[PDB]
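S.K.: Just need the structure, nothing else, for what follows:
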Amino acid sequence: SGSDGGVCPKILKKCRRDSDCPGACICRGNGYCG
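M.R.: Numbering: from 1, shown residues only. Take a look at the structure below.
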């Protein structure tokens, strides 16, 4: 969850960018969605 886009459900989806993640998530500094 990046908070500014809303509450993300915070799935353990590994990523490379924010476009990998669902609606309100971001690609966090650990390489996963949040």
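S.K.: And residue 31, how close does it get to residue 23?
M.R.: 19 Å (C-beta to C-beta, to the nearest Å). Using the backbone N, CA and C atoms, a C-beta is placed for each residue, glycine as well.
S.K.: right, I mislabeled it, should have said residue 17
M.R.: The value you get for residue 17 to residue 23, if C-beta to C-beta is used, is 15 Å.
S.K.: okay, now residue 27: neighbour count?
M.R.: 19 (other C-beta atoms under 10 Å).
S.K.: quick one: contacts for it?
M.R.: Neighbouring residues of residue 27 by C-beta atoms under 8 Å, 6 or more residues apart in numbering: 15-18, 20-21, 33.
S.K.: What of residue 14?
M.R.: Residue 14 neighbours (C-beta under 8 Å, 6+ apart): 31-33.
S.K.: that older thread, tell me the one of the contacts of residue 27 nearest residue 6?
M.R.: residue 21 (12.2 Å; C-beta to C-beta).
S.K.: Tally up the residues packed near the closest one, please.
M.R.: With other C-beta under 10 Å as criterion, residue 21 counts 22.
S.K.: Look up the closest residue to it, ignoring the ones flanking it.
M.R.: residue 33 (3.8 Å; C-beta to C-beta, 6 or more residues apart in numbering).
S.K.: just to revisit the earlier point, okay if I get the contacts of residue 14 as a markdown table plus neighbour count?
M.R.: Output for these, formatted as a markdown table (neighbours: other C-beta atoms under 10 Å):
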| residue | neighbour count |
| --- | --- |
| 31 | 10 |
| 32 | 16 |
| 33 | 22 |
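S.K.: Please dump the residues you listed into TSV; it should also carry secondary structure for every row.
M.R.: Below are the contacts of residue 14 laid out as TSV (DSSP: H, G, I helix; E, B strand; the rest coil):
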residue	secondary structure
31	coil
32	strand
33	strand
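S.K.: This completes my enquiry, with thanks.
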